[PDB]
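Below is one structure, written out as structure tokens; the observations come after it.
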Amino acid sequence: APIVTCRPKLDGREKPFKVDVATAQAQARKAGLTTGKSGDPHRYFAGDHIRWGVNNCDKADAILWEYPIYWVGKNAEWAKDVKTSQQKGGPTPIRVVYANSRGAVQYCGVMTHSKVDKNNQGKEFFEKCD
């Protein structure tokens, strides 16, 4: 089943964050490894101490990427030429991560914050989803 759920922290307990692989690879491939119109997608660099259980992404001086998405509960989608500020749909801590694969995306995985009170703000690192 491509349908999964992140392991973010609400108020001390880990809660399953609605996240489908289908959309995850769709948003990553859709956004591609090219940004500049607005701000998204963004270049990911070894910083969140993430490995994604992969040798390619595990790399330190590698070239990854990150893009926002709307889970099932949301009723919108992220645009191309729309920054997080202009974005109307709503805030989303969950971002799809993918390697540059020399001009390709391998949906390395989707990450999220560990501080989702109500507005899914997030302060801690970006824990990978499962």
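Residue numbers start at 1 in each chain; chains themselves are named A, B, ... in the order of the structure tokens; ligands are numbered from 1 in the order shown.
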
Practice prompt. Using DSSP on the backbone coordinates, identify all residues within chain A classified as helix (DSSP H, G or I); present the result as a list in words.
Written response: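 Reading the DSSP output for chain A, helix (DSSP H, G or I) covers residues 21, 22, 23, 24, 25, 26, 27, 28, 29, 30, 31, 55, 56, 57 and 58 of chain A.
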
Practice prompt. Find the residues around residue 42 (chain A) up to 9 Å (only C-alpha atoms counted), leave out those fewer than 5 positions away in its own chain, and share them as a list in words.
Written response: residues 33, 34, 35, 36, 64, 65, 66 and 67 of chain A

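When only C-alpha atoms are used to measure the gap to residue 129 (chain A), the shortest distance among A:41, A:32, A:89, A:53 belongs to A:53.
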
Worksheet item: Leaving out residue 63 (chain A) and any residue of its chain fewer than 2 positions from it, which residues lie within 8 Å of it when counting only C-alpha atoms, given as JSON, numbers by chain?
Response: {"A": [43, 44, 45, 61, 65, 99, 100]}

Item to complete: Mind checking which residues fall within 12 Å of residue 81 (chain A), counting only C-alpha atoms, ignoring those fewer than 3 positions away in the same chain, and posting them as a PyMOL selection string?
Response: chain A and resi 31+34-41+78+84-87

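Straight-line separation from CA of residue 124 (chain A) to CA of residue 1 (chain A): 28.7 Å.
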